[PDB]
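Each chain gets a letter, A, B and so on, in the order the sequences are listed, and its residues count up from 1.
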There are 2 protein chains.
Amino acid sequence: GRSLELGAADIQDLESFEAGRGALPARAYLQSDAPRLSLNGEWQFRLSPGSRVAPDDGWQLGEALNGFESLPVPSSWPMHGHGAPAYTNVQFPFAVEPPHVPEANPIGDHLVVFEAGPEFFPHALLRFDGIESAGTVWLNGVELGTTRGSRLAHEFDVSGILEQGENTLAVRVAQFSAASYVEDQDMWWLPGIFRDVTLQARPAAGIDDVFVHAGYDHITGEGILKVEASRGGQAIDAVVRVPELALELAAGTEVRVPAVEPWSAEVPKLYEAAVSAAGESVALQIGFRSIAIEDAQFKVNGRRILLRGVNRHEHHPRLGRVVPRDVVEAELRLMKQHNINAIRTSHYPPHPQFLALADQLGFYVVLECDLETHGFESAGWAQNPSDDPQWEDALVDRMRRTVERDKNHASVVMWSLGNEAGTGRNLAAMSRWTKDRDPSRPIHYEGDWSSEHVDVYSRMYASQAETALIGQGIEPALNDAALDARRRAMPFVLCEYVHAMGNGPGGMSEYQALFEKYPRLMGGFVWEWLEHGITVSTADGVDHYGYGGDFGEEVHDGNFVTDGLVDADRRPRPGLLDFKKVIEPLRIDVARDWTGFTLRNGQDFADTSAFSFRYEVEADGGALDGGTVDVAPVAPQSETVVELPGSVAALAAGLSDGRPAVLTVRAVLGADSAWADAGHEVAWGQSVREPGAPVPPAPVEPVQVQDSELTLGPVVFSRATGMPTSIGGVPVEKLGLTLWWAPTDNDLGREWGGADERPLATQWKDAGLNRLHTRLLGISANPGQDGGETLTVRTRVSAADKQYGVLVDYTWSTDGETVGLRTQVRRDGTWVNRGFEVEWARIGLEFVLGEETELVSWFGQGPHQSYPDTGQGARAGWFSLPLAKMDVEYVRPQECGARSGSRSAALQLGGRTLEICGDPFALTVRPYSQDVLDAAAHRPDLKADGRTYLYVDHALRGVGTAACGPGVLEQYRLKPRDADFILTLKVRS
Amino acid sequence: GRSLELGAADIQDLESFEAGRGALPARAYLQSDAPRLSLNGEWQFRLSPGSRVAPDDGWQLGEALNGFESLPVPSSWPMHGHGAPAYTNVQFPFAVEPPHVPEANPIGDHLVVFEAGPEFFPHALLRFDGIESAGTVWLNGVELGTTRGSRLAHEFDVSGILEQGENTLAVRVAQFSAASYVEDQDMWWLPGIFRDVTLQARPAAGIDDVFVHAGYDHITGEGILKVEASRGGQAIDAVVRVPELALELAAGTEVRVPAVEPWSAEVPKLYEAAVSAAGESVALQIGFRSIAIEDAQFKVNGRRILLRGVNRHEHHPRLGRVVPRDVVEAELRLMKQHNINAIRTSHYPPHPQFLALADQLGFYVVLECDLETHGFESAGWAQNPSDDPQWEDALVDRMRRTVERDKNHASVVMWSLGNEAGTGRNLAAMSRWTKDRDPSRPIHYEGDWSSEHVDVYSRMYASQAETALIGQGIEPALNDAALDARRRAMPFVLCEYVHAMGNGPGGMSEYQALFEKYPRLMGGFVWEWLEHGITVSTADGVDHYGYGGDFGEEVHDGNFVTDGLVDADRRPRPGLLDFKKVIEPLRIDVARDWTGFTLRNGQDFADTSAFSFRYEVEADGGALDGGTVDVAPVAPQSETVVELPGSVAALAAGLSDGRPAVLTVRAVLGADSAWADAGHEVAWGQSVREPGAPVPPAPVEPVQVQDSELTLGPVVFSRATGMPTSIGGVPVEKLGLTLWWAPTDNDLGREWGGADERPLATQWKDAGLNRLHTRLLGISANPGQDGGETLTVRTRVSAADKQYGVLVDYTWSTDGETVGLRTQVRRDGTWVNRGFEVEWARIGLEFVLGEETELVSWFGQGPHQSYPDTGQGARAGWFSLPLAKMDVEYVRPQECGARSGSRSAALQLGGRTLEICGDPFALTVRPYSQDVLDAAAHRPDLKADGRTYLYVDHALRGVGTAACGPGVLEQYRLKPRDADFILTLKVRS
Ligand SMILES: CC(C)S[C@@H]1O[C@H](CO)[C@H](O)[C@H](O)[C@H]1O
Ligand SMILES: CC(C)S[C@@H]1O[C@H](CO)[C@H](O)[C@H](O)[C@H]1O
Ligand SMILES: CC(C)S[C@@H]1O[C@H](CO)[C@H](O)[C@H](O)[C@H]1O
Ligand SMILES: CC(C)S[C@@H]1O[C@H](CO)[C@H](O)[C@H](O)[C@H]1O
Ligand code: NA
Ligand code: NA
Ligand code: NA
Ligand code: NA
Ligand code: NA
Ligand code: NA
Ligand code: NA
Ligand code: NA
């Protein structure tokens with residue numbers, strides 16, 4: 001019975017249910033005057049493909065390193081050519097049999113040589129702030145211990161092992177371990193030592209841990225301060241000095257500061273402080289805030305707050321989980337610049353440096369533990385680590401390290417147990433551990449809807465309808481009356497909503513109106529802040545983002561990792577510009593007569609004093625009037641009516657009919673803040689004098705008949721097809737009805753509920769909307785006016801194998817300068833296919849012009865795209881962009897770039913300019929066809945063909961959020977219908 | 001109100017509901033002594049893309065031909081580079097709005113100049129035997145008329161238009177017309193003048209039409225003869241001479257021939273005859289047969305017959321609908337050579353020349369009218385031409401021309417109204433017209449299950465179960481008692497069954513047993529005889545077949561056109577070799593003791609006198625005994641027991657135990673027939689003395705342990721994986737469990753019935769069966785025998801994200817020469833995924849050898865492939881083939897080539913030979929992996945990689961016919977289970 005398998009001991013440790021061994025007690029991450037040496041830099045790295053063939057050849061000693069090579073540390077090592085990134089959403093990339101690991105399991109051996117001066121003696125520790133997923137640590141050949149909890153910190157005492165002068169630190173990192181079963185976040189699998197490695201001296205009579213407690217009495221204005229300090233687990237004597245408040249006190253004792261300025265996301269007041277013992281001093285930033293739940297409302301400092309949140313992953317398109325500090329600071333400023341006031345650290349603690357930046361810049365943080373067992377759901381949660389008693393110690397350790405590290409930061413207003421981990425005994429243990437350790441912060445966890453072990457009711461992607469019922473407290477009761485009573489007394493948060501994947505998210509405004517109406521609604525956190533795109537260079541040297549499957553994954557989830565409000569390089573998607581407007585903290589309703597505007601202060605604490613209120617009147621020629629208006633400060637949750645200067649109203653009263661003019665009132669920062677320069681726009685409102693309807697040209701030019709062509713003023717028609725073949729010299733290669741668009745990511749998600757759950761994209765393909773064909777029925781010229789005639793072209797549009805159709809009639813007219821086009825659309829037969837109604841993407845026309853377009857200008861909404869349930873950030877005005885800037889650089893190309901609400905448009909096709917006017921239409925211009933757009937999986941797949949594809953839509957459907965959560969709301973769907981609409985066209989040179 | 005559209009008159013004719021105009025009355029195709037001149041050859045051809053731009057430039061006159069070019073006539077013109085073939089199954093390739101045609105509609109102008117001598121004067125006609133789909137005919141500028149009914153003949157009188165000497169014939173052919181709506185057969189859309197164009201003189205006092213009536217009185221042996229002859233529609237005087245029967249009689253009168261030899265498919269007796277008037281004589285072949293329906297049985301000449309049928313389309317891989325006569329004769333001989341006795345002309349009349357060949361070679365023909373409106377089904381049959389009164393005249397014309405052309409041929413035993421045309425008034429009119437015109441043949445039509453207007457109950461792809469209930473007369477009743485009484489008194493035919501697409505068809509034997517058991521079952525016609533592959537040459541110059549979508553179709557149905565028993569070049573698929581055995585007309589059951597065989601004559605008319613009965617005993621060394629045995633003729637439907645020579649039994653009694661020997665009794669043709677040479681095999685039976693079970697080698701060699709390898713006799717194992725890395729010097733690159741195979745066409749069809757209707761291929765992908773992974777659990781060496789040891793390798797196989805698995809244990813043993821491998825498979829967890837049980841394709845092993853294989857030999861079933869529900873044609877014996885001949889050249893590559901029931905196998909890998917033995921296993925060898933097989937859409941996509949992929953299966957599931965009709969029958973499914981099996985391996989040089 002001889003056992004002959006290799007590497008059984010390494011594998012048995014990888015399969016362990018326990019937390020890491022050998023590490024010091026979890027504590028706060030603290031800024032200390034103690035000596036420190038960062039071991040970051042260039043290490044040596046050897047990759048082996050599994051435990052059984054990973055060499056046990058004394059490499060830890062740093063001598064005779066066969067097969068090592070330079071690798072930066074911190075790193076996610078697939079980002080540097082060792083293996084590849086792999087992306088899964090829910091599915092595990094290995095067989096599900098906890099706690100066992102697959103045979104293919106990348107093992108990365110890391111090694112670094114450093115110098116330890118006398119200041120690291122006699123006592124020092126090594127601190128690892130994150131290793132994915134299983135680390136074993138040797139120092140000078142001696143085993144220190146192991147790490148479990150990939151985004152949690154570990155510290156190992158090196159006293160009596162660290163030698164003066166030169167030392168050799170060695171770390172073996174296994175990508176997969178039993179811990180992988182509890183780290184199934186929807187993101188790239190990325191092994192490595194991806195956070196700081198640090199040597200820290202531990203002088204005697206020092207401070208190991210500190211627990212700040214800084215409450216605020218909103219009735220008295222008092223701060224309630226107690227700073228606890230400990231060493232070796234024991235409360236020690238230390239002095240706490242807070243200069244700004246005239247405070248010297250002893251650690252351990254609670255005092256009442258007579259008057260403090262409270263901390264909030266709006267006003268992040270931070271008092272500098274220091275706690276010190278004989279051998280060590282620790283610098284703190286203290287924010288006085290108290291969190292309370294009463295009347296089913298989540299309150300900070302005595303006021304219900306509104307969360308304007310995003311879910312923040314840590315991703316970098318070239319460095320993986322390594323986010324450089326400048327990228328962190330820049331992205332939180334970007335968040336502030338878009339009215340965001342809350343962050344959820346989905347779904348693991350962030351880099352320890354993040355916390356101070358959130359304290360300073362001002363965000364309400366939901367700090368989330370590193371726990372997700374989502375992959376067990378598909379088996380009915382069988383073997384779920386969250387309910388398996390053998391994982392209890394591991395999971396409690398995760399919560400402990402999570403809480404201890406960040407417990408001092410005012411910005412953390414909730415602890416979260418994890419994400420989509422099911423329900424189970426171990427989550428209850430983590431809750432009980434947290435409530436006892438830190439009763440000052442409510443506990444969040446969406447995964448158990450009964451809310452038995454949490455303090456707030458949390459859901460993800462609940463529909464607008466259900467959110468409205470919850471806001472009113474009338475959602476259906478829980479079976480357990482006692483649990484139901486508790487949950488009904490909780491405030492409600494959407495930890496994830498308006499999935500921001502691709503074109504979208506639609507429906508954001510309907511959520512926001514409910515957040516404002518019902519105090520029990522705490523708000524929501526958009527899923528998610530960034531796309532996880534990974535930069536890839538094609539053979540030519542062209543950059544684009546790759547996603548799941550682009551890196552050879554056997555199982556993957558494609559572009560579901562690119563679902564953000566900004567791309568991986570933090571460039572805004574249109575959804576972010578819309579989101580900023582949706583969550584703007586002030587509401588400005590400009591009066592129709594331009595005499596004033598209503599101003600509501602939607603903030604919770606600040607008044608309007610930080611803002612300058614600016615107005616401008618813009619017409620076709622440019623700005624006609626503008627200035628600033630003084631507003632006596634408006635209190636939070638109050639409103640007033642601000643008179644505008646009489647010149648504005650007078651200008652409006654004197655406008656001729658049909659002359660367009662736009663009045664915009666903007667609230668901008670009066671002075672530089674920590675997160676934007678003075679004049680930065682925070683909120684806005686407008687009132688528009690719309691251009692009158694266009695006048696059809698007089699039908700005075702007649703139809704000139706030839707053998708194979710017909711001419712009506714500037715329009716040449718092919719007599720065979722009845723379609724225009726050129727307009728004013730601009731060649732027209734095709735004109736026809738459109739009812740379809742290249743499916744968005746939302747259109748590829750399943751239409752849940754009811755008997756038909758085919759995605760909308762599939763419903764459309766089945767129906768043939770992408771392959772319409774047109775039969776000509778007749779061409780008549782008819783008596784117009786004083787010798788002129790109109791031309792009517794009758795057609796029927798359908799698709800192969802379908803009996804349903806639309807009759808489309810084009811009536812053309814011209815006076816020689818303007819072309820008038822009336823289009824009439826009539827349903828023919830019932831638009832049902834495979835048993836279910838067909839819905840349309842649009843009702844419009846596609847002009848394929850035989851010239852390229854360089855510039856597109858329009859009067860309408862802009863500058864960015866807008867669909868019926870989006871475009872809140874698009875304002876009324878005059879806009880002009882080069883063609884390439886009309887498009888949107890989504891990683892998977894899809895329908896985008898329509899400008900809804902357009903009244904006029906001008907395309908510069910070289911020397912000539914094509915001017916389109918008419919009743920409100922949506923405008924899109926591209927250098928490639930819808931089939932080239934739909935076929936493209938990445939942006940280099942789009943190819944220009946030298947034509948101009950011009951879309952003029954009389955109707956559009958919304959974009960919704962069906963990739964995850966609600967589809968298009970009822971009022972934005974587009975069922976087949978009859979339609980009619982007028983355009984004017986004119987070509988200029 | 002001026003109308004300006006182009007080509008409205010051409011289009012209005014294309015949209016016409018009427019049959020062609022201007023043609024002479026439909027008549028029989030008759031062999032006449034009248035002068036004839038075939039206008040086949042090289043014509044001139046111009047293609048325009050639609051009616052509106054097709055030139056009206058006097059081209060019919062043959063002068064100034066701008067844009068014409070040589071094109072053979074007959075032709076399907078896409079086959080010669082003008083446009084492309086397009087394939088749809090059910091869906092129309094144009095919008096469904098009868099009778100309107102699409103704007104893109106290929107218009108082919110045809111022109112030929114010919115010479116008409118004095119023998120074509122004063123009277124001649126032009127005959128067109130098929131134009132797809134709308135022809136307009138001019139002769140010397142004068143319009144003759146138009147053609148509707150693409151596979152029906154038209155004749156135009158050219159008296160006074162044909163000029164002596166030189167004439168110019170011009171034909172405009174439109175691909176699409178209103179007729180397209182009633183010609184929706186599942187096949188290539190192929191416009192052209194695809195059948196003969198002929199000039200025929202019509203001398204005075206001639207014969208226009210002839211209607212032969214040749215009945216058989218099976219009680220008296222009398223023939224019942226009446227030959228009708230007409231001219232200009234009127235019964236004329238003509239003399240009928242049948243030399244062989246001593247007959248001279250007048251046309252028009254019925255006589256009783258005292259004794260005739262009756263015609264049947266088994267014995268196609270044809271009497272030569274001639275009917276003549278003053279100016280013309282017509283040669284006929286007369287077969288005396290009477291068709292009757294009684295006692296719910298379809299009888300010919302007094303006996304119920306059994307139809308052994310195929311559905312025959314007309315297709316040629318380079319000429320489209322043009323089938324050269326030599327290909328026709330060769331393919332019907334091939335049919336006879338495979339025991340086929342019946343043909344259904346799916347779904348249109350064949351070339352007129354086909355009928356005489358079926359009379360002569362001997363087939364029961366279902367002659368089917370050119371009518372199919374299948375594309376209307378998806379709209380609930382709305383606007384179905386079969387029930388639209390405006391199509392009545394068109395549809396009756398189709399039936400009339402169909403019946404008139406072929407009414408004289410004994411082989412036509414049923415008229416068919418068409419195929420999948422729904423139900424409607426117009427089908428009733430076609431039935432009433434046929435029953436009145438020709439009461440001597442029953443009417444067939446599957447589309448109306450109530451059978452109101454037919455004489456036989458026909459169905460397609462009814463399950464074995466339902467066929468069994470119908471055979472017993474206990475199928476559920478129709479709602480109308482009167483209609484139910486009629487249908488229950490009808491015999492039952494499967495006009496289509498055992499869909500022969502790709503690997504398959506399975507389940508054929510279960511149908512055949514029912515056809516034999518129940519007299520009401522008439523038999524069935526396999527769908528279908530040939531694949532419609534179109535030869536295509538890749539850039540390299542490599543040939544393969546293309547199918548739907550390979551020719552740029554916008555809508556298509558892929559490889560559903562390659563669903564035949566033979567490929568387009570008439571090379572048999574394995575399904576044909578199986579089918580021939582299934583329908584063999586004699587049953588030979590060889591006795592277990594080898595003393596004799598039971599012989600049942602399954603024919604309906606012939607005895608066994610045409611057959612020589614041959615026996616042979618084959619052993620490992622070759623033939624041991626053989627000869628012929630005399631059998632007193634057995635009557636139809638009788639049986640006897642034929643003694644074999646005592647030497648055979650004695651040989652069997654003297655065989656040592658475990659020595660394999662096979663006794664085969666064959667019925668071969670004693671003498672050359674019209675369709676095969678003497679000795680051609682018609683039926684066979686076998687009795688097998690199976691080799692005893694293999695003896696595991698003695699476990700006397702021990703396990704030699706090294707650092708990274710283990711050696712057990714000739715086997716080297718990698719110590720890391722526990723898997724063999726070489727066996728006797730043959731490198732082993734991988735060994736593991738298989739549970740999956742590259743989906744067949746059947747596995748891609750939906751599993752109808754129940755809550756899960758995902759295709760089996762999809763069920764497997766969802767379950768991860770194609771991406772199994774293996775974790776190593778342990779490697780133990782254990783005490784064997786006299787110093788030797790066995791090696792056990794314990795593994796678990798699963799897939800990423802799945803909790804279910806199988807434990808697989810390999811126990812190896814060797815005495816130095818033979819390697820013994822015991823494999824044990826144990827289910828771990830419930831194999832359920834997405835709510836439904838997972839089923840396996842197989843339980844086996846995959847050896848990936850690092851050398852190429854040149855030759856594969858085995859003892860088992862062969863020579864061709866066999867799966868649990870197929871392989872009837874594979875007999876027991878010893879077989880040996882070069883590797884490339886183990887594969888099957890299906891147009892879409894898919895699982896094929898397994899040899900089930902194997903007892904031993906030998907692979908020649910260069911110099912060395914790998915010998916596998918064990919209990920019954922299935923054997924497959926390929927030069928490429930299953931993923932290369934599954935990914936390949938065409939055969940050039942398969943790529944060899946220099947390895948050998950060896951599959952040894954302990955269990956396989958059946959292949960069924962789920963691409964159309966029943967899936968795998970219950971007894972051949974493969975639910976997960978525990979299994980264990982032993983192999984021996986041995987390498988030789
Ligand atoms: C073929 C181009 C005109 S498509 C063009 O490519 C660019 C990348 O260079 C951007 O991705 C644009 O969004 C895209 O429109
Ligand atoms: C199968 C999905 C509905 S689960 C859904 O996937 C999303 C993908 O972005 C998010 O990650 C959500 O957290 C998750 O609930
Ligand atoms: C890459 C080859 C070994 S696959 C090989 O190709 C042949 C065509 O040349 C045949 O189609 C065989 O069936 C196929 O196995
Ligand atoms: C949708 C199918 C089940 S219809 C099915 O298609 C087959 C394809 O070979 C055959 O042509 C049959 O005639 C037809 O009934
Ligand atoms: Na949502
Ligand atoms: Na995602
Ligand atoms: Na589009
Ligand atoms: Na655009
Ligand atoms: Na069948
Ligand atoms: Na088919
Ligand atoms: Na296969
Ligand atoms: Na094979």
Side-chain angles (χ1 to χ4, degrees), chain A residues 1-8 50 52-53 88 90-97 100-104 375-376 378-379 382-383 554-555 703 705 708 710 719-722 768 771 773-783 789 791 796-805 828-829 833-834, chain B residues 1-8 50 52-53 88 90-97 100-104 375-376 378-379 382-383 554-555 703 705 708 710 719-722 768 771 773-783 789 791 796-805 828-829 833-834:
Chain A
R2 195 152 147 52
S3 302
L4 312 177
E5 69 262 23
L6 301 179
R52 320 196 112 103
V53 302
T88 73
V90 180
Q91 49 189 338
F92 285 108
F94 43 74
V96 180
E97 41 159 359
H100 306 292
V101 293
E103 291 298 325
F376 292 82
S378 62
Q383 307 189 256
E554 159 199 291
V555 312
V703 178
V705 186
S708 61
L710 313 171
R719 208 186 163 171
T721 78
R771 48 172 176 90
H773 285 293
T774 301
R775 182 174 62 91
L776 176 70
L777 268 57
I779 304 171
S780 296
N782 294 287
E789 31 201 18
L791 185 75
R796 188 180 180 276
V797 184
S798 190
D801 204 45
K802 310 308 182 182
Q803 285 192 22
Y804 45 78
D828 188 31
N833 185 72
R834 299 269 293 264
Chain B
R2 195 152 147 52
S3 302
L4 312 177
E5 69 262 23
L6 301 179
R52 320 196 112 103
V53 302
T88 73
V90 180
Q91 49 189 338
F92 285 108
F94 43 74
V96 180
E97 41 159 359
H100 306 292
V101 293
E103 291 298 325
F376 292 83
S378 62
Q383 307 189 256
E554 159 199 291
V555 312
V703 178
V705 186
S708 61
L710 313 171
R719 208 186 163 171
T721 78
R771 48 172 176 90
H773 285 293
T774 301
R775 182 174 62 91
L776 176 70
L777 268 57
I779 304 171
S780 296
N782 294 287
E789 31 201 18
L791 185 75
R796 188 180 180 276
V797 184
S798 190
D801 204 45
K802 310 308 182 182
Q803 285 192 22
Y804 45 78
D828 188 31
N833 185 72
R834 299 269 293 264

**Request:** Take A:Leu776 and B:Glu103 through the side-chain contact (heavy atoms from CB on, under 4.5 Å) test and state the conclusion after the steps.
**Result:** CA-CA 7 Å; A:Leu776 176 70; B:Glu103 291 298 325; 3.4 Å; yes
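Note: A:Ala95 leads A:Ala95, A:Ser378, A:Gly778, A:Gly1 in heavy-atom pairs under 4.5 Å with chain B. The candidate with the highest count of non-hydrogen atom pairs below 4.5 Å against chain A, out of B:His773, B:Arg775, B:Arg2, B:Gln91, is B:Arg775. By number of non-hydrogen pairs under 4.5 angstrom with chain B, the leading residue of A:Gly722, A:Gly768, A:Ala382, A:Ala104 is A:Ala382. Of the listed residues B:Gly805, B:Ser798, B:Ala799, B:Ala8, the one with more heavy-atom pairs under 4.5 angstrom with chain A than any other is B:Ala799. Of all the listed residues (B:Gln383, B:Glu789, B:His100), the one sharing the greatest number of non-hydrogen pairs under 4.5 Å with chain A is B:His100.
Here the shortest heavy-atom pairing between B:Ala720 and A:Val53 reads CB-CG1, 3.7 Å.
Contacts of B:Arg834 with chain A are absent, with no heavy-atom separation under 4.5 Å from either backbone or side chain. Residue A:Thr774 touches chain B through its backbone alone, counting heavy-atom pairs closer than 4.5 Å.
A distance of 10.5 Å separates CG in A:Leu710 from CD in B:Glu5, rounded to the nearest 0.5 Å.
Here the side chains of B:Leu4 and A:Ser780 are not in contact, with every heavy-atom distance at 4.5 Å or above. With a 4.5 Å cut-off on side-chain heavy atoms, B:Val555 and A:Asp801 do not count as touching. Looking only at side-chain heavy atoms (C-beta outward), A:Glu97 and B:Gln803 stay at 4.5 Å or farther from each other.
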